[PDB]
Structure formats: structure tokens, C-alpha cells
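The letters A, B, C, D, E and F name the chains in turn, as written, and every chain counts its residues from 1.
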């Protein structure tokens, strides 16, 4: 999922401990818009990154997949006053 | 910072360093002063503090309030320490010391924030304090006449000024006269333990009395006590430290007999030992018997048969006070009960005071002790009355030591501020700002008086400044008239040592707080 | 020098600028700092003053020793030079008595 | 009794709490004031690092919960918006004003009197600045702009390189100069595209006489350099045509499907054929371009750039004289493209900048534009250069619009403090104290400047105040109004001669905003905080 | 609670000391990976892969840190790698040394701004001295370029096969060099692709006069060997596909279904006939080719390859001189790529590879790497990338500067001599950062295993003489050698970039005195 | 209005003055007087119904379940399980009246409650509480003098 995070910036890969929230641990929560969408756990039963990519893409869950600029360009977005030429 | 695989100090050690640490110390001192500001002046208010056990302490004394607080800030505890020091050395001014110290720190905080070296501030405080103490000693009013009536009036005025901020301020004349009368009967050391203070619930404040003698509560009478007479018109008192009851002759003593005749002889011998002690007491001519050790019921009945008064388990302090008042001597042996070891009082009487029985030893002409019997409607009421009387007693004793007085109401501190400002206006200029800050800080007390009274502080401050500048030394705050007045002519008098020690302690606390640049707190051990 | 407010594990409050007292109240854990503290306490016991001098000089010596080790010297050579310089300083010191 | 579900703090408690919050916000940024100031490093929970010195940026990135602190944060943001410089000074002044106002209040001085005194003091300070402490920039010449830019860039990552960065900033600002109706020369800063790229040192930063695009050509077959460019700016996607939602294709005769599919792309083919037949060389579109149109442009030997930002495209069109065309439709109801819609530039190239490429539209005609490429050691450094550069551009724009500047280094603050301390004695009784405290509070800026340099703040500020008092009292010594701090040596110095200026608008706006914020927080005497 | 409960803030000398110490730790991580006697390191990726290298940029990239100063140093390493491609280890070490030197004065009562001003003056003088002590290079002499590349690669694992690697890199760089519309470019990133196939021997590695892709013919009957092919490149699929508009049909007659299928077949045939009209021999597409399209092309004896990546298609176009066309009906004769001297689909191991490797005047190339394993080949690819970056740096800027610490000592001596006329408070940081450049000879000697102090003192004494700017340290024998005899030279651009980046990193990290952390992104 | 002051610094470092200052409440100024007057008024209004021949008894149950039906105000207040400090002060006042006199243990509580109730509206008009206490003392002196004046002797 660390590798997939580079491919899909729009996703919010994260982790959580089981204790901070006994059968819970011994025996992948997908959220979109605040509601559960994907409900797959113990995905090791069903490994490298592109296998997980295909596993999630086969069910229409992962969004469809850009040039690397110098560093960035953005400065601001406000009343620019535009580049008025004359008069 | 980095993990540093081996750490220098214990994990959890907290360190603060630099100007922020010092300004945080100043803010903590400000908080401590704020905790006691409104208890200053004739319009001051009491504070109610409840501990974990649920007991409530109500006080107008700065030292008591500060002690009852669980101050844990290392810098803030210095204010409590200097308040306790002022209480120990003088007994009054426990609020003034904290207010002055915190106001000093508040005044020098702006100069601290701009990177001024703390040693300069310390030197300025030392110079200003020395000059202020010298000025106080110079301008303090003393009368070198040794006049009894004038000295008595000075004592009464000082006591009234010391008492006119507590809940007994309405009867302050009465209590001041009582305190002055009590103090002058102490012989040479003015020991506080020679002035007993008894608190009895029920009764008005004006019902409290000063016994020219000794009085203490009845102490666990045995059977046959009610058959004794309870009033003698010229009794001789046998002060004793003796356990008068049938008991083993000694703890390790053992009796070994092999005859019934010896058994009866032993029983008769024990009875005869007790009766011989009692007969030796009786033949001395004494009519009132007081013992530190218990007096048995057999001894009580024996004394009742002879029309004599007995009282066992009397507290040691009360026996010492009785001995000092009457003139006898505490005896551990009854073999030599001569007339020189028996006290004498004009009248002894057992009376009832609000649901408690008290023994009175009045009429002693050469008594060196007293006994306040404080009446009040509540426990904390009597406790606060005792605290106020303690303040007055300490002031009167210090006045006995030296009769040097200054006018209160901020007049002395206004004069000191004017003098310090005038001095600071004639120095190169780096110390000028700091000495001026000290002089301005000396104005907190009249401002606090006006604020507690509910006045407009700024107008009174301006009027006092104008009057002191144009001539006039003892012009302070007149609470009743909402104006200023010549407090010396208003008999608002304070011993000079009170203000001297207040300024000294406040300056020392301010210098100590300023001198610290870093605080380190090691982790607590055995947290459990 | 500025006084330091030090709170030990028993909540006792010490305010002072005496180096030996500060070291005693501080809960030093690093063994090398412990050794420096022992040297300071030995100075305090033997003479009664100069503990802060001991700390400052030891720290400066160790900093410059680290510099010397970084510039390519060996530990033994630094130790030998320090001992020679200490002997020279002990020789020179009596000549400075005013 | 009140039964309100929440926490109610009233009176001196809430006043002290508000002043504490303001003082904490002040102390957050007090160490980043003046040339001896130092930058701050801010780390998020994600781990992003933002090394900055700008006060507005620092206060915007922080997480603040106390409303009395949020007030100063948005005050800094507003000062940045309407001026662009002095974001730290306004926060410091407002916090000090609030502190001294609370100190006055605790002496039983009513807050209304303090507010009236603050208003009078602010008005009189603005009047005194406008009447005594302004220097007309007409006689100074170009040196005034350079000195103002250098002063603005002091205490920044580009401070030492000011001798070169000020020239860059002045040239960039003068490049975009224009006059509108009423004959007012307006300088539309933020029309200078700032491009960042790590690599060579700061001194290799380039000022582009033209425009710079952070985008490359769509296809590798097109040439990467056009000499006599004919820029065509378009606002529509050049892709296969798709019928709208209201149109649906239903086929009953199979012989028409091939013609339908052919026209589906022949429409775009004809559009591009017109575009290229008018003589165009470079085509910029906000929308996308697919492979077919890219191959059309490749065969034509032209340039085609897709996904150009709308603001960038507008700037390019206005600079080169081209006209944005969201569609090819004339008033005759046809599909045409005239040659009058083409902009011209002396050269259009694609340069490589540290293993990355950007398109340079060089020397446009009918208007002069500018862009700045900043080269730094890493991304954080480039961000700080961009922020400092924007501050310098804003300062230059303010100086060029309003031709009045004031001496820097706390000269204005000291003069105002002396003048207001003198003037307070002639107005009111309690508001006199309020004005005196306002004058005292104005002295925080020189004090902070001295403190940050580890100099004797008290003595240095005393010397400055003595100089300004002599200037005000003596009519003939009036030349000392320019005496300001020189933190390099820690001694007073005539800042006007040394060339330490700043726009008067910065001081005036900071004073007004700080006074308003202090009044707003001073009007509060009770707080109710309901439990969520 | 003014700020957030999780917001942590600290300031003062602690922040400066922590930043300098973190930079020193970053330097110490890779200090032992400099010079011809460097030792390699094994990096274990979080994804399970193993990176085995001694290049500074990769080592610093595969490390995760928390302290922001360490992140800044990592970004400096990345910037140095991306800008010039060499000197990545040197810049980190230099930045650490300058930061330690600055901390020396920071412990005293000197403001950081004075240190920064001294550092900037020293950087300007360093640039001037480096430009002064440079020598020109005749790029037309292949021997000098090969020697420069060798000196660039003596410090890597590829140095065992030095002549082969130098020839490969030089040939690839000279072949990818292109000029159009009066604009010169090298562009190593896009073209001149390095493809690695594990197995074989490194001595069998070579640079092709063309490209090579991992593709096979779409149908077995097509020729796998064409002598002088004519190659046509396409973007569009050769298969029937839907349109953009919704185009539902409505069939009522019996024959319309069969007719529609026949028109699909006829459209495929028409597209294939339009392709065939140019009479090509190889057809390459970035998208699918239909089976009917395969048949129609095969009837014309045309080899077809599909699903070729766009970058590979561009490389093929550059190599064989073709142009990608997305509409077969718009295929001109110029679009057909004549110039590919041979095409051959051969079998390497168990995979089919397509070779176009006899092109005349190709502008793109594929470097075929064959080695023991994937990790060895990855290290070899990184070394070849360093070599090609050095070659293009020399081609763009033909200046040259003595290596092996000779330039460091020469610049340090020049700055020290210049510092004798300052008489200012800032002369001390000037001199102390001038002497900070001696770290490169120091670490060279340390890695060589010889005595640091004696050799460094001897080198300094040698540089005090007048004509000794080229006297450096032999990194593999620990002796003082005149580098105009040893022959270790390196581009001036690399030195300039390294010095600028190190000095500016020190300047950036010296302007920080407060750290605030814990706040959320908030946008 | 409680839990002390929430500043925690002027800079950002911890600021602890009093042990467990997070779990300690505090009342300031006129609000404390209002709360005390309210508690005393509640106690006095409870106790006033048991005044006079037509007074009604109170049935007090202790912690052990024992029952004590009584009219004596001092006993009622002694057995009452108050927690408010001012209520404890009222109980102590009643006990003091019982000790000194033995009668009128209910009149004292009602009188104190009425006095504090009047002092409440006096304070609402801006009079300092010490002035109210002084006026109460003067009026009490006048009332005591009048009581002595109108007294009558018995055999």
C-alpha cells in the first residue's frame, strides 16, 4: 500500500491499531464519502503491490489511474488584478 | 534534540531556561499575590479554604491563607516563605510582604523582557531597600518621655490599628484594651505561652473576658467530686505532679509473702501509703489541689470529706500558668509542702460558661499571666478571633521592645516612594529606571486599600502624591471619608519594625526570584 | 553567575550557584558525566572550592580531545600530550604566585 | 442558577486570559523581526517541513483554538492581503497595545476611556506620519526602489543577495507596469509568474523577459524551438467530437455508420486545419489534446501545449496580443479563425532546468511581461525565496503606487512615541493615560529589533528616544527624524541616508489594524463557552 | 490552551545544536562511501527488495528520518543527483563539515547572520578560484573523454570493467546528441535507455546502434528477420471500436446484421490496405492489432508488433528515423522510417526480444546490460548513469578541474591567503569555512587507510608552494601525487554545483532557531 | 467560575502553581456572597416552619435508619447532613445558641436567614458588604438597648 500510495495520490492509505479502537486480531476497510464501501479483511488469504492493485481494481473500487514537474508552480489564488495592458 | 542513545539525566527531567522562565516566575508570584490581595485594609474580606478532609478554614491573615494553599511552584513558594518569615519576626504585615514582592517583580518584568542583566536589577533593589530602611529609621516618630499614660495610649493605638481589619474590628477598642492590659503583666520575656487563650462556644464577642489569673476547663471529675465545695474566699493551692490513687508501688515491684497476716499487712500498707500522701497534702493547709497526673476517685472522696477541691489531669501549660499567677511551685514530692511552695489567690470559683464548666483563679495581685476566654458563635469564628488577638499581641510586644511608630494607610510608603523617586532623579540613568520602578511599586498598598474599599484608586493616588510632594509626611488613605487625611493625627499607627521587615523581606524575595535563570525538576521517586 | 532552582526526587527545593550542590541534586545517569561528577566532588572534599572550574576544564579538555581525534590523532597521543601539558602547568603555577 | 450548559468566565479572569493569548501569539513570532531575525521550521503530523520567516505564513500554519488568538492570526492574514509586508509588526503592535490596555484597565480605568484614547492616539499618529515622517520618492529616483526592495528582503533567505535580488524585483515590477483610465500607473503584481526549481545557487536565478510556462509540449515529434512564433490561445479541448447529451445517434440504414464515425473526427480535423492554415506556430489550449490532433500538429511542424492554466493562458494572450477563443464561431454563423487572433513572440523555446523542462515564451510584443525562475538548494529554500520575493514585489508596488516612504529601523515608532507622549498631556484626563500607554506600546518594535540582535536594548532605545526628542524640541535639529537603529553595529544611525525605507502604507495600515484588533478584544469582559 | 494540545515547540541554542548534529549524522552515514576504495552497503527496502550500492544518493534515498534537518540533507542529496548526476557523497560531507564549523562560532556569542555573510563571501571566492584553476578540454579527442569518464567511474563497482563502460557511456551520449531548429540537446533521460537482462557476463554488455524491446511478433508466420525493413509507427488501434457518441442501431431487415458484420470486416480491410499502400516491412503500434488486421498485413508480408509503450515507440522513431502517425489514411512517404539496417526478433533466455540494431545515424540507443543478478545489474546501471551524466556535463561545459582533493586544498589555500586582508569580525568564519574544504582529502586518506595528519600536513605544505594547484592525494596508495600525472580530473560544473549546494545548505540550516511541530495540515 | 484559571503559560511551557489545581474550584466576588446567601436562605426557610405553638415537627433519619421526631431547631440542624460550608456555619450558630441559652435555637437561624436575605438586595444596589455588616451591628446595638429598656423583672 505504500507503493500504491505513489500511484494513486487521491487515496488516503492509513493504519490503525486493534487495541486503540481478543478475537479481533487473531481472526482493509474502504471508505468513500464517509460510508463503508469495501469490506475485505484477511486479504493475505486471497505478496507484491500489483497483485493488490489488481485485486482492488477487479471490483471497481480503486480509481482509474501525469508528468513530474520541476518542483511546483502554485503561488496563490485570489484577486490577481489580471495583467491589464493599458487604459 | 536527538535520541542520544544514553541520556544524560533521568528520563522525564524538565528544564526551563532563559527570559521565559523568569517571566513565568514573575507571573506565578503575581498569581500568589492575587490570591491574597483582597484581605488587606479595614475593608478587606475573609477567605474560606477547605482541605481534603472537608474542614473549612476562614481567615483574614495572609500567612494562614498562603500556608493553607498547596503552592508547588518553586518561585511562588518564596512568597509564602517570606510571609511566614514576616509572621515569625513581626506577626503583622503578612499581606504587605507578598503584595510588595509581587509588585516589585511586576514592575521589573518589562525591563527583564528586554534583556536587562538581572544583576543590575538586584543591585538596584538592594540600594533602594537600604535607602528606604534608612529613611524609615530616620523619620519614625518616637517619644523619649517614659510616660506611663502616653506609652499606654501608644500601645492602644497600635493594637487598634492592628485589629481594624478583622471580624473583631467593631469591638476593636475593647479588644485592644484587653490585649494591652494582658501584655503589660508579662514580666520580662513576654512569652506567648504565658497568655492562655480559651475558646468557648456560645455568647457574644463582648462577653469575652480577660481573667487576671488563670482559667481552665474542668478535667474529668471522678465520683464524689460534686460533693466538694466550689468556691473558696482565700484558698491555698497545692500545685502537684503526683498520681494520687491506689496503684502498684513500682512497675517491676513484686510482693512475695507466705502468711495471711503479711497479706493483710501489705493491703493495709498500700492503703496507708495513699492515705499518708493525702494526709500530708491536707495538713499543709491547702484547700485547692491541682495535679498533672490523675487524681483517683478515692482521693477525690477523701478531699470531699475534708471540704477541699481536687482536679487531676490538668494540662502542663495550665499548671505552669497557675504557678506563675499564684506564686507557688509545682511539686513532684509531697514530703515538704511548706508555705513557700503553695500558691495563693483571692477567689477560686467553678462557674459555667456556655455549657462548659471552668475553674477560675482570680484576685492574684502579683500574677504574671493572663487567660483570654473568647466567646463566639462558631468554631472558625473563635479561631479567627484568636488569630486577630495574636496579631495584636505580637504588635504590642514589639512596641514594648521599642516605641517607634509611623502612620499607616500607605502614608509611610508614599513618603518612601517620594524620597526614592527624588533620589533616583539624581543618578546616571540605568539605575534611575529601576529605582523609579521600585518607588512606583511602593504604591501598591494604598491602591489596594482604595480598591478593596471600592473607591477610585487613581484619584486618591494623585491626591496623596500631590500632598506628599508639597509637604506632608503622614498623609494616607481615609477610608470612611473617601478622601485623604493626616493618618498620624488619625491614630493609624504602626511600629516601624513592621514596615522595615516587610521591605527587607520583599526585597530579598524579589532579588532571589530575579537571580534564578533556570529551573530543573527531577522525576518523582516512589510514585506508587 | 545565576542561581539554579533544582528539585530533587523528594520535591526538596535547592536554589544555589554552587556547582557541587547542583551536581549532587541533579540525577546524573551517563557514566562519563558520573565520572566528571566524582572528580568534582573529590575537588570539593579536598579543597572546598573550584568544583565549577573542574567541570569547565574537563569539558573543554574533552571537547578539544574530540577535535584532535577527528583531525587524525590517536587517543594515546592526546593522553600523552595532555599529561605532559599538565606537568608543565604544575611546574609553571608556583611562578605565578603574586 | 443561570443554568447555562457551559463554562462562564467573567471580568479580570477573561481579560487576563485574552491578554495571555495575545501575548503568546506575539511571542510566537517576536523572534522573526528585523535583519537579525531568524527563520522558523514548522513540521506537520504528516511530516512536511516549512522553513519560513513570514509572520502571516507562520500564523496561518499553526493550530490555534483561543478566539482572542485567532483574532490576531486573521489580523496578520488581512495585513498580508491588503499590504503584503509588516505582518509580524502588526501582530506585535496589537499584542502590546492589548497588554498595556489591560494594564490600564486593572487600575480601574474604564475600557471605554482606554478605547477612546487609543482611537485618538491612532488618528494623531497617522496624521503625524503623513505630515512629518514621509519622504517623497520623486527626487530620490531609482535608488529609492532598490533600497526599499533591499530593506524588504532583509531578514530573509535572500537578504545577503539583496544587491542582485532588488534589481531583479525592480525590473520585474517595471516590466508589468501599465496605466488605466484616469492616468493612474497601476502595477499588477501577482502577474509575474514565479517558477521554482532546485539546482544551481541563488545567484543563477533568472528573470525572464517574457513568460514562463510550467508545462512541456504534448508530443515528442514537435519541434522544441520556434523562432517567429504565432501563438494561438484556445479555451477548448481538441479531441474527437462527441454529441451532446440531448443528441442520440440511431442508425436504421447500415451504410451511414461509417460516414458518421468518419465525421466524428473529421470535424476536429477541419478545425485544426483552419487553425494551422491561418499561419499559426504555437497553440496553447486549456483543454486536452489527443493523439490524432497531436500528430496533426507534428506533421504541420508546429507546437501544441495542452492543460495550460487559465490564468497563465490569459497572461500570455494579453502579453502577446492574442485573443482567447473558447470556440470558432463568427457572427456570420460559420466556423472560422482569423489571423488577427494570433499573438506574436520573438522566440518560443523549451529549456531544460535541472532534469526537467519548461516552455519559455520569450520577448512577446504589444506588451512586456516578466517571470522569475528561482534556483535553490532544495524545495524548502525555494519556498522561502518565493515568499520573500513576493514580499519584495509587494513592497515595490506599494512604493511605486503611493510615492511616499518612511525611514525604517524603528525611527517612525520612536518619533511617534515621543510625539504622542508629548501630545497626550493636552487631551482628556483618563484618555490622556490611554494615549500615553499607546505611545509606550509603540516602542516595542525598536525594542524587539535591539533584543533580537543581542544588543543593549534599553540603552540603545534610550539613545534613539533622546535623538528624536532633541529633533522634536529643537526646530533646527529637525534632521534627526531619520535616526534609526543599526543592528549590525548596535548604534543609532540616520536611516534615510543609509537607505532603509518602507512604504508609508505599511505603517498606516499596521497601526489602524492593530488599534482595531486591540479595541475588539478590549470590548470583551465575559465569555460563555457552551459544551459541544 | 492557546495552541493545540499536540503542538510541540522548542527554540534557542538547542534547536541549532540539534540541526547541526542531525546534519553531522547524515554525513556520517555515508562518510565511508567516498573515493576509489569505498565499500558498498546493503539497503533493505520496505517492499522486500535489496538495494546494494555505494552511491550516496541511493543510500540517502532509502533512509527514513524524523528530524527536519536530516530531511533537508536528503533533499540536498537528491538535488545534487538530479542537477549534475555526480558528486552526491561529496556535497553531504561538505555540508556537514561547514555546519560543524559554524556551530563552533555559534557556541560563542556570534550571530548566525554574520556566519551566513562570511559563508556567502567564501562561496563567491570559491567559485572564482575554481574557475581560475580550471583547464580546457578538447571534446573532439575521444581519448580525453574516455579518460574523464574513467576517472568518474573509478570509484564505483563498474571500475573493474573500465574501458568497456567508458566506451559504452561515451558512444551512447554521442549517439543520443541531437540538434533541431538551432537547439542542441542530449536528453539522457528519455532516449538512450538502459535495459538489463540478468545472466550472461558483463563483458558481453554493449550499446546497440538502435533499440531493443521485449516484444514478439503477433502471429508466428510473420518474418522474424528482415534485412532492410521499412518501419511504420502508429498510435491508433488496428481494430474496430465504438465511437464517442451513443450510436444504438435498430435492425428490422433480415440481412442488416450480416451486413453490419461485413462492414466491420471491410473497415478493417480498408485500414490495412491504407497501411499497405506505403509498402512497409514492419508495423509497430502502441495499441492492439486485430486478428483480421494481422491476416491482412500478413498477406502483404508485413511484420506487426503491438502494445509497444509510448516511450519505446518514441525511441524507435528516433532510432530508425520514423514518425508516429495515428491515422493510417494520412500516412505519407516521409513517415515511413527508412534507416533501420536490420530487424531481428531473437530469443534470450526464455523470452523473445525485438532488435533494431543496424541503424545508420541513430538518435536513440538501448544499452543492453547482462550480469550476475538484478542487484548487480542495478548497480551497474547506476554507475553507467553517473558516467553518462559526467559525459554530458563535459560536453555542455568543456572545463576541467583537478580531482582527488587537489582542488579542495588549492581553493582552501587561496581563500586562506585572501583572508589575510579582512581585518574584520567575520574573517574567522571565512577562514574556518575555507579550511572546511579539507574534509574531502581527509576522508579520502581515511578511506585509503593511511595516516590522516601526516599526509594532510604534507599536502597543505605542498599547496603553500606556487605551482601546486594540481597536487592531490592518491586514493588507493595514500601518497601525494600530482594529478596532472595520475590523470584524475573531473568537470568544473560538478565542483561548482557541489560547492554551491553545500554552502547554501549550511546557510539554510543556519537561519533556523525554532521548531514547531504537531499541527495538522489544515488544507 | 471554577477549576481555577486556564492559561497553562504565557509562552508554552507548563505553568503549575497549586497542587491539583485542575481539580480545585474557586468562587470570586459577589457570586460567592450570592451562593452563601442562597444556602443560608434555604436553611432558614426550612427551619422557619417549626416556629411557635403552631409549629410542625421534623422527622430526622440518621445513617442507621433510626428516627428522631423533633421540634428543637438545634437538634434538627445537628442531625442534618449538610455539605455546604455556610450551612455548617448555620448549624454551629444554632448549637452555640443551644449551649449559651438553651432556648430559641430556631429564632437565631430564621433571623440570620432574614438578615442575609435583606443583605442580598442591599448588595444588589452596590453597597459594600462591610458597610452592611456595620449597619447591622449598629442596629443590633440599638435593639439590645431597647430590649433592656422594655424588660420586666420577675420573682
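Simple rule for what comes next: a contact is a pair of C-beta atoms (placed from the backbone, for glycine too) under 8 Å apart; a residue touches a chain by one contact, two chains touch by 3 or more.
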item	value
Most central chain, judged by mean C-alpha position against the global CA mean	D
Inter-chain centre distance, subunit A versus subunit D - centres from mean C-alpha coordinates, in Å	33
Whole-Å gap separating subunit A and subunit F, where each centre is the average of the chain's CA atoms	67
Whole-Å gap separating subunit D and subunit E, where each centre is the average of the chain's CA atoms	37
Set of subunit F residues in contact with two or more other chains	5-6, 9-12
Where subunit A touches two or more other chains at once, by residue number	none
Multi-partner residues of subunit D (each touching 2 or more other chains)	20, 24, 27, 198, 354, 379, 454
Every chain pair meeting the contact rule	A-D, A-E, B-C, B-D, B-E, B-F, C-E, D-E, D-F, E-F
Subunit E partner contacts - residues on subunit D that touch it in the complex	20-21, 24-25, 28, 31, 35-36, 38-49, 51, 53, 58, 61-66, 69, 157, 159-161, 198-202, 220-221, 223-227, 240-243, 247-252, 254, 257-258, 260-261, 264, 291-292, 294-295, 298-299, 349, 352, 354-355, 376-381, 384, 453-454
Complex contact set, residues of subunit D against subunit F	1, 7-11, 13, 16-17, 20, 23-24, 27
Touching residues (chain side subunit E, partner subunit F) in the complex	1-3, 9
Subunit C - residues contacting subunit E, complex	71-73
Interface residues, subunit E side, partner subunit A - complex	46-48
